[PDB]
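Enquirer: experimental structure and its sequence below.
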Protein chains: 2
Amino acid sequence: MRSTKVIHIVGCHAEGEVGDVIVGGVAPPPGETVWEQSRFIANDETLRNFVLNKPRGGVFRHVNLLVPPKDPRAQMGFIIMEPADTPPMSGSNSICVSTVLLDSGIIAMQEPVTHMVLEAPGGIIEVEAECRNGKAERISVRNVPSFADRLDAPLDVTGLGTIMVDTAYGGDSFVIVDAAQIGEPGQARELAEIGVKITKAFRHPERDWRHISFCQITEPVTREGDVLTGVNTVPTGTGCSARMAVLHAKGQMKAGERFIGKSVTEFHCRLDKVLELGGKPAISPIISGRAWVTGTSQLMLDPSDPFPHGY
Amino acid sequence: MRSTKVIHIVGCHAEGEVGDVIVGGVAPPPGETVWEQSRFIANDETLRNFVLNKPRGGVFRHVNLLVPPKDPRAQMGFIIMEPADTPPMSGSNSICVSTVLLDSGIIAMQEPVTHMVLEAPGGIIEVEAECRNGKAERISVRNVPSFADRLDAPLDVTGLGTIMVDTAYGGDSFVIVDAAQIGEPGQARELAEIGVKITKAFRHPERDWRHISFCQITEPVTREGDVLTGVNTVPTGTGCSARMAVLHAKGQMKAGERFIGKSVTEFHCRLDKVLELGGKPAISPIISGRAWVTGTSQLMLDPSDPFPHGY
């Protein structure tokens, strides 16, 4: 057998969502900052198609790439590569990357707790690992500053009638819409989404992010004390960080309140504090979850293989 | 099974000398420069013992670690880890690292030739790969500036009698001595070295290096035109650049002349140019050799294993 390249990946999933990590074989992308590097990865597409697409990885698969830190205070940097795009920050993946680091030995595992400082495309992230018996049990990450752009704003949907929605950002751009004003959601999702880029034009005060990536159809959230449980659906991960930003923009969640995202295993998260971002209110999310490694692999490519990018 | 860490290595030998390369699992050592990083690797010892020592790697094994470049003009940096020490530059290994990069796909392979700029502990190195049919056939590296410290200097050897020797540096510190003034060698080797560290006390005008690493016993060299063929024993690659430096400090070799080192697969060399360094003359070695990849591996370490550093 012959290959034109070899990447070594350590498989890892967090509460179900796959978040494979590339530990070697791939040179750090060009760019002076991590942000730009992720961009390159998104434009080039060569790397994401090789690992994401088949016959190497079925649909709905994630794979994160470790890159040399570009920020003084950061032990390691990485880029999230979702089957759809390369977001500036992902919850489910910032969890896998945190886990692989510890379970693979790249970072020194301190018990019963170990503190890391990773650097995603969107910005630096604090991480608190709960390691026990040589294994990161639970990972708690301080996501980047999240916020809600528009709130209760009309939306001319060519679908049917007019409904009000809210746009937020908790690692990625979302457009939250109560399934009430909706009455297959996949179809109506693609619709409500595109419409938002048109009528509402999103903007991030610290990154060249200029669009609404997805739409999540939510349902009324219940309260059990300080723990709000919501059965929202586009997956989860950065989904909640965004919703909490809105939930906090409507007085439905105060600082110090823990939000529990639906069980895609229930993704935990808490509103650590409130911060002012780009002349606007923002929350400091605390996503937390459990990730297990699934193995290791070395992907290759035969030069005569008709699917160099994969079908 | 359980492990406390995982390093992914791609096996590679150059003309026989093993030069395995670590592509992932290992975080870049602490230090503002590559030089200092290699040092750390040498002091810490934790990494070199894990990979070099058994039961993971028999004696006489080399393993190079790829590290994020610290020099603007360098696609990749690495540290050489020899079973004895961590030299500032190694020929046989600068060849394997060059090869792995291309054959593993870390670097874009251009045919029929591809130019890289690697960064070893001692300094930047130009590399010219002869790639054909998706495989680096031959690797030509422009070693760091080599030179000869002392020439024909007395040496009080407690062994027997007094002999004259010469000290040089071509990636590492050596003390060349004609087997004529010797009349086994391995035993009287480390013996003549200590003497050099005493009577001749080495110094490199750019690196912390200040001692004689090894000793090579040589005999007269033959000539067949412009190609000098000679026998040497001490580590033949980095030994050449040291030799030529002396052969050049004695008139026994001129710029543009090729030097073929004994086949310990004869390691080729050429004295590209003559430059100045630290106030004294020096040569610009051009090592050449062929390398292949032996495969890939992921080393591990059970916590209950009584040999964490290997015996």
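Expert: Arrived safely. Numbers count the residues shown, from 1 in each chain, chains lettered A, B, ... in the order given.

Enquirer: so residue A:204 sits right up against residue A:169, yeah?
Expert: Yes. With contacts counted by C-beta atoms under 8 Å, residue A:204 reaches residue A:169, the gap being 6.1 Å. C-beta coordinates here come from the backbone N, C-alpha and C atoms, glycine included.

Enquirer: around chain B, pick out the residues from chain A.
Expert: A:2-8, A:10, A:22-28, A:68, A:75-76, A:104-107, A:109, A:134, A:296, A:298, A:301, A:303 (C-beta under 8 Å from any C-beta of the partner chain).

Enquirer: try it again with 7 Å
Expert: A:4-6, A:8, A:23-25, A:27-28, A:68, A:104-107, A:134, A:296, A:298, A:303 (C-beta under 7 Å from any C-beta of the partner chain).

Enquirer: on that earlier part again, so for residue A:204 and residue A:169, which sits in the more crowded spot?
Expert: Taking neighbours as other C-beta atoms under 10 Å in any protein chain shown, residue A:204 and residue A:169 compare with residue A:169 leading, 30 against 18.

Enquirer: doesn't residue A:144 make contact with that one?
Expert: No. The criterion here is C-beta atoms under 7 Å, and residue A:169 misses it with residue A:144 at 8.9 Å.

Enquirer: quick one, strands of the stretch 151-300 of chain A?
Expert: In the stretch 151-300 of chain A, the segments counted as strands under DSSP state E, counting those that start in this stretch are A:153-156, A:162-169, A:173-178, A:214-218, A:222-223, A:227-230, A:258-261, A:268-276, A:281-289, A:291-300.

Enquirer: Throw those into a markdown table and include distance to residue B:240, thanks.
Expert: As requested, the strands of the stretch 151-300 of chain A are exported to a markdown table (distance: least, C-beta to C-beta, whole Å):
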| stretch | distance to residue B:240 |
| --- | --- |
| strand A:153-156 | 73 |
| strand A:162-169 | 59 |
| strand A:173-178 | 59 |
| strand A:214-218 | 60 |
| strand A:222-223 | 76 |
| strand A:227-230 | 70 |
| strand A:258-261 | 63 |
| strand A:268-276 | 60 |
| strand A:281-289 | 55 |
| strand A:291-300 | 34 |
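
Enquirer: endpoint to endpoint, stretch A:24-34 covers what distance?
Expert: Distance between the boundary residues of stretch A:24-34 (C-alpha to C-alpha, to the nearest Å) amounts to 17 Å.

Enquirer: picking up where we left off before, give me the buried subset of the residues of chain A next to chain B.
Expert: The neighbour count (16 or more other C-beta atoms under 10 Å in any protein chain shown) marks A:4-6, A:8, A:23-25, A:27-28, A:68, A:104-107, A:296, A:298 as buried among the residues of chain A next to chain B.

Enquirer: of those residues, closest to residue B:262?
Expert: residue A:6 (33.6 Å; C-beta to C-beta).

Enquirer: and the residue sitting nearest the centre point of chain A, how far from residue A:17?
Expert: The centroid of chain A falls nearest to residue A:90 when counting by C-alpha atoms, centre = their mean (1.6 Å). When distance is defined by C-beta to C-beta, to the nearest Å, residue A:90 is 9 Å away from residue A:17.

Enquirer: okay, and the common contacts of those two?
Expert: Applying C-beta atoms under 7 Å, 6 or more residues apart in numbering or on different chains, one finds that residue A:90 and residue A:17 are jointly contacted by residue A:237.

Enquirer: what's the closest non-adjacent residue to residue A:135?
Expert: Computed as C-beta to C-beta, 6 or more residues apart in numbering or on different chains, the closest residue to residue A:135 that is not its neighbour in sequence is residue A:103, at 6.4 Å.
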